[PDB]
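Working notes, beginning with the structure itself.
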Amino acid sequence: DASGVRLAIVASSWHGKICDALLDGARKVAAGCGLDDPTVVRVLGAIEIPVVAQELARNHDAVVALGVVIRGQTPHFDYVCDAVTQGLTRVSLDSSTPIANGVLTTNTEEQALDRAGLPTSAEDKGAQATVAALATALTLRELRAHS
Amino acid sequence: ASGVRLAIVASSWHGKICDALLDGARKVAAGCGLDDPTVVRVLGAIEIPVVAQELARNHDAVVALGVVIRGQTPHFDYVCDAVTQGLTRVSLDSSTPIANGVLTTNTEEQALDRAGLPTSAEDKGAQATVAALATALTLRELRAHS
Amino acid sequence: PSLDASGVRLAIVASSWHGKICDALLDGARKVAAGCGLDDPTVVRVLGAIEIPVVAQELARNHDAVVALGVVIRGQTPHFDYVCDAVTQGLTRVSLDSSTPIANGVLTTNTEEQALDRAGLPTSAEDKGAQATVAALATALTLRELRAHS
Amino acid sequence: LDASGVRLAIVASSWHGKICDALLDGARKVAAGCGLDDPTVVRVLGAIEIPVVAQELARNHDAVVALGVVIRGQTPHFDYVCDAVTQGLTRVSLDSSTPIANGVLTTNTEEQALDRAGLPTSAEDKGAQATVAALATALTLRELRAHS
Amino acid sequence: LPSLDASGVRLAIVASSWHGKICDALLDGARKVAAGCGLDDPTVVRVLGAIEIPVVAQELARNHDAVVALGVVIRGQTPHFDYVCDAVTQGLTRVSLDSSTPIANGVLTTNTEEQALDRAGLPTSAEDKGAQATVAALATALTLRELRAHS
Ligand SMILES: CCC(=O)N[C@@H]1C(=O)NC(=O)N=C1NC[C@H](O)[C@H](O)[C@H](O)CO
Ligand SMILES: CCC(=O)N[C@@H]1C(=O)NC(=O)N=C1NC[C@H](O)[C@H](O)[C@H](O)CO
Ligand SMILES: CCC(=O)N[C@@H]1C(=O)NC(=O)N=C1NC[C@H](O)[C@H](O)[C@H](O)CO
Ligand SMILES: CCC(=O)N[C@@H]1C(=O)NC(=O)N=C1NC[C@H](O)[C@H](O)[C@H](O)CO
Ligand SMILES: CCC(=O)N[C@@H]1C(=O)NC(=O)N=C1NC[C@H](O)[C@H](O)[C@H](O)CO
Ligand SMILES: [K+]
Ligand SMILES: [K+]
Ligand SMILES: [K+]
Ligand SMILES: [K+]
Ligand SMILES: [K+]
Ligand SMILES: [K+]
Ligand SMILES: [K+]
Ligand SMILES: [K+]
Ligand SMILES: [K+]
Ligand SMILES: [K+]
């Protein structure tokens, strides 16, 4: 059970259908664990996630970062994903808070659809990341001060 | 977004494309009720983060604009690495959205097509400004207000 | 140096993605620990490798050494690279922030076969879980000798 | 313009002496043209040694120019040396709030490095370019910072 | 390299042990440069792998003017090579800037064993990166000594 944990979810909006599916999977895991109302924030792109995740981390036991980065024609994909990786890792360690990475980094749109948790998808990384965030928050709760 | 304080730092390497990105940035700003954002010019993309850091002390959002085109050497990779590392750090250090409108392309054609010129497919300068403003407004709603 | 280490406080954080291989790594870690006079190290489980650094950071506050264990296998997307980047960045930062050895027993493989071959199963060529724990304990003992003791 | 008041430091590595001296020559010439006859010039052995010296120079200078030549060899060592320089200089710049200009050449061949050093027959001078970059940014930050 | 005194500089050497023969050769080259510069007894610490270097380098940096990092990373079958070298790069660069101390990189990052042998300073090797890194550390420590507060 994870009813006591304060969960935040930050989801980017670039590729709306896939982003909403990831968020759907996140909210479903949250509600299944006894959390009907997690803090849900929307940002435009994946680069905007870390700075919002940092704000959310000040008031929550866990933050789920959700987004979809699909490779285009330029090397820009690599550096967007690099920024997200660097940002979320820093935010997690700065705040000592699990920042779960449900940010899809795919070569094609099909690969992103297949990992969003749609009807015919093979997996749901939005669901997976929320499990990851909540379990780590509960683990840290057991590791931290409680008399 | 009339209340948000916006700064724009744009490098100058590849002037035509950099001015187009800045044009797209200014137009989004003005459309959102911001006629005069703080606009600073730097020479290259490596010079952006340290100026972005200065601008972040006095602004709710900073838009980083620039054009990095791959040449003959691996130098492209390390310039883009420095920008990525710098802007990400600045954003988290200052708790300020630092939007990345810095183009990282293989060819000049790809950069032109993403600058927002008459025949361009997209305007990344415009997109970055929307990104910066929306995140600044989001953080304003998330932060202290009684 | 795997010979002595009874006084060292050891933590082991192991992710769970690819359970069989993760348990094998943890098995190798626990066996090295027990052989060095440490029957009860702090063992924490996390879901994925991304979750390791923040737990490793917590464990580093009250342990002389932390062993990070996990299995990252390349899939269809570039996601593999960025997961491994986050772990690398995270563990390196945690080690230097806390001045504590954070041993990397996180497998970073192209295929499942390569991960199985490095977990320390019956037929495996090596055990990276065992290797990382030797690495963590030896470094903790080294730092103990380098640090203040009158 | 008028960069006479800015305090400039130049740190140049020594690995590939001819090319490193050419980069330094271009740096010194831009400096002198901007009204700075005597910038602080420090030499280091390799490019890895630059950031820690750049950090020291940054405490007492408005701008630091990092100069060096990294040419790819037989091993992946090239990538990690350039990674360290990139990481180091970017950190130093933001730690000190000081422009640390990157005039460190990262080339596949020696010809490419020669062509970017500002020798008689070179296509460009990255040592000159980096000094312009450092000075302009230092002047920009001076205008952005406190002055009543 | 024996040309200046370097007698006053406090030198630490941290060398990993993975690939013992090559690591000992790098250390040999390091100690010989040190002794030639008037330093018979530098602080020498051994670690198991290259990932263990930065945290020990950090400790050594607290009471030495220069630290030489020595090690051998040879590419295997997996991408693990890249991430080990990334960690060392990140770690040593951070430690150097945190402590304001030259942390010389004599950590070999090679595709084959032959390439590592050729850069260790063995009888038939083309170069000695252990020797080169110690020269690099000592020269930078002397340079920083001249740049810092004195008198
Ligand atoms: C591959 C790059 C691309 O075409 N689109 C990416 C993308 O794939 N996914 C995304 O969320 N945001 C993007 N770009 C927006 C970016 O995250 C920022 O919002 C922007 O750089 C301004 O900061
Ligand atoms: C591919 C590299 C190149 O030829 N030019 C790049 C480039 O593509 N784009 C850019 O904005 N600045 C550059 N170089 C200038 C650089 O950002 C710095 O100003 C320079 O390193 C000095 O600090
Ligand atoms: C190639 C990526 C993949 O398909 N699975 C990896 C994997 O191979 N190993 C792993 O431990 N965790 C994974 N993913 C989960 C990840 O570590 C985090 O739990 C997730 O990003 C939520 O924070
Ligand atoms: C990797 C390519 C190479 O063979 N040599 C490079 C190089 O190309 N350029 C350089 O300045 N220094 C090097 N190596 C020395 C390095 O910068 C440090 O001085 C050394 O690692 C000690 O820390
Ligand atoms: C990646 C190639 C490999 O198979 N082994 C390398 C290697 O080549 N060299 C090395 O010194 N240490 C290794 N591995 C050990 C590593 O440095 C750490 O000790 C380990 O990850 C525990 O922290
Ligand atoms: K928190
Ligand atoms: K407890
Ligand atoms: K601000
Ligand atoms: K609020
Ligand atoms: K500790
Ligand atoms: K002692
Ligand atoms: K300064
Ligand atoms: K002013
Ligand atoms: K020191
Ligand atoms: K002095």
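All residue numbers given for chain D refer to Swiss-Prot; the residues shown span 13-160 in order.
Backbone N, Cα and C define each Cβ position, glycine as well.
As recorded in Swiss-Prot, the features of this protein are as follows:
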BINDING   D:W27, D:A59, D:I60, D:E61, D:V81, D:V82, D:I83, D:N114  5-amino-6-(D-ribitylamino)uracil binding site
BINDING   D:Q86, D:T87, D:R128  (2S)-2-hydroxy-3-oxobutyl phosphate binding site
ACT_SITE  D:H89  active site, proton donor
Please work out the number of neighbouring Cβ atoms within 10 Å of the Cβ of D:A59 (5-amino-6-(D-ribitylamino)uracil binding site), leaving out its own Cβ. 27
When you measure from the Cβ of D:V81 (5-amino-6-(D-ribitylamino)uracil binding site), how many other Cβ atoms are you left with inside 10 Å? 28
Looking only at the recorded positions D:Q86, D:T87, D:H89, D:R128, D:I60 (5-amino-6-(D-ribitylamino)uracil binding site) has its closest CA neighbour at D:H89
Find, among the recorded positions listed as D:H89, D:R128, the one whose Cβ has the highest number of other Cβ atoms within 10 Å in the structure shown. D:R128
Reduced DSSP assignment, D:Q86 ((2S)-2-hydroxy-3-oxobutyl phosphate binding site): coil
Residue pair D:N114 (5-amino-6-(D-ribitylamino)uracil binding site), D:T87 ((2S)-2-hydroxy-3-oxobutyl phosphate binding site) - Cα distance, angstrom, rounded: 23
When each of the binding-site residues D:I60, D:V82, D:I83 is scored by other CB atoms within 10 A, the minimum falls on D:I83
Near-B candidates in D:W27, D:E61, D:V81, the binding-site residues, by Cβ under 8 Å: none
Greatest Cα separation in angstrom, residues D:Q86, D:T87, D:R128 binding (2S)-2-hydroxy-3-oxobutyl phosphate per the record, works out to 23
With neighbours defined as other CB atoms within 10 A, the best-packed of the binding-site residues D:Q86, D:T87, D:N114 is D:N114
Looking at the recorded positions D:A59, D:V81, D:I83, D:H89, which has the shortest Cα distance to D:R128 ((2S)-2-hydroxy-3-oxobutyl phosphate binding site)? D:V81
Helix, strand or coil at D:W27 (5-amino-6-(D-ribitylamino)uracil binding site) [DSSP, three-state]: coil
Reduced DSSP state (H/G/I helix, E/B strand, rest coil) at D:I60 (5-amino-6-(D-ribitylamino)uracil binding site) is helix
Among the binding-site residues D:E61, D:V81, D:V82, D:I83, D:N114, say which ones reach under 8 Å of chain E by Cβ distance, listed as they appear in sequence. D:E61
Students should find that the Cα atoms of D:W27 (5-amino-6-(D-ribitylamino)uracil binding site) and D:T87 ((2S)-2-hydroxy-3-oxobutyl phosphate binding site) sit apart, in Å rounded to an integer, by 17
Could you measure between D:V82 (5-amino-6-(D-ribitylamino)uracil binding site) and D:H89 (active site, proton donor) for me? Cα positions, answer in whole angstrom. 10
